[PDB]
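Here you get one chain, nothing else, as structure tokens; it is the form solved without the partner chain.
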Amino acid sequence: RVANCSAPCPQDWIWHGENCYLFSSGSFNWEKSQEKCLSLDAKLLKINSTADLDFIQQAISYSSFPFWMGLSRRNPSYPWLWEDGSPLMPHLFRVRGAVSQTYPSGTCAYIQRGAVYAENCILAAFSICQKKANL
């Protein structure tokens, strides 16, 4: 069934640039948040460009809630890594906040009010999934 005119993104998602974005409608821990995106054959938000950043900043400006991204750190001795295994570059942002070995499942990053913060991965928060748009 080859499509006649496939949309860049699925219904309910938001299209911007090269990607498609899906904002959750509730708050869940990082693990569950990741599972949701994966179940849709997508992934958690990965801010890799200025375009990504500008869009997300404007999109969350309507909220005071924190949104989980696909960025985490096993523990203090490990680096920050995205789900795809690539390192966190210093260009777009730094993760503010504490990382702790006492967190049962590592530390995770979420964006809220423009800035990005570190937090215990087992805590609940909204999240944003992402995937490539059909262009």
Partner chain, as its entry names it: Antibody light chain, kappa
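Rigid core: the largest C-alpha set superposing within 1.5 Å between the two forms. Positions refer to the first chain, counted from 1. Shifts are known only where both forms have a C-alpha.
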Discussion item. Test of understanding: from the entry's C-alpha B-factors, which stretch has the higher mean, 94 to 102 or 49 to 57?
Written reply: 94 to 102
Worksheet item: What stretch has the higher average Cα B-factor here, 66 to 74 or 26 to 34?
Response: 26 to 34
Item to complete: Please work out which residue in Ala125, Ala115, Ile14, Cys121 has the highest C-alpha B-factor recorded for this crystal structure.
Response: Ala115
Worksheet entry | Third of the chain, ranked by Cα B-factor, where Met89 sits | highest
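If you look for the form deposited with the partner chain bound, you will not find it shown, but the lines that follow are about it.
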Worksheet entry | Interface residue in the deposited complex among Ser86, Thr50, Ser64, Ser39, criterion: non-hydrogen atom within 4.5 angstroms of the partner chain | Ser64
Worksheet item: With the partner left out of view, is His91 within 4.5 angstroms of the partner chain in the deposited complex by any non-hydrogen atom?
Response: no
Item to complete: Spell out, yes or no, whether the shortest heavy atom distance between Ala98 and the partner chain in the deposited complex is within 4.5 Å.
Response: yes
Discussion item. For a quick check, can you give me the residues of 90 to 126 that have a heavy atom within 4.5 Å of the partner chain in the deposited complex?
Written reply: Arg96, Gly97, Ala98, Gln112, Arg113, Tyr117, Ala124
Fill in: Of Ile56, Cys37, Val99, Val95, the one whose Cα moves 2 Å or more between this form and the one not shown after core superposition
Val99
Discussion item. Once both forms are aligned on the rigid core, what are the runs of 3 or more consecutive residues with C-alpha shifts of 2 Å or more between this form and the one not shown?
Written reply: 99 to 102
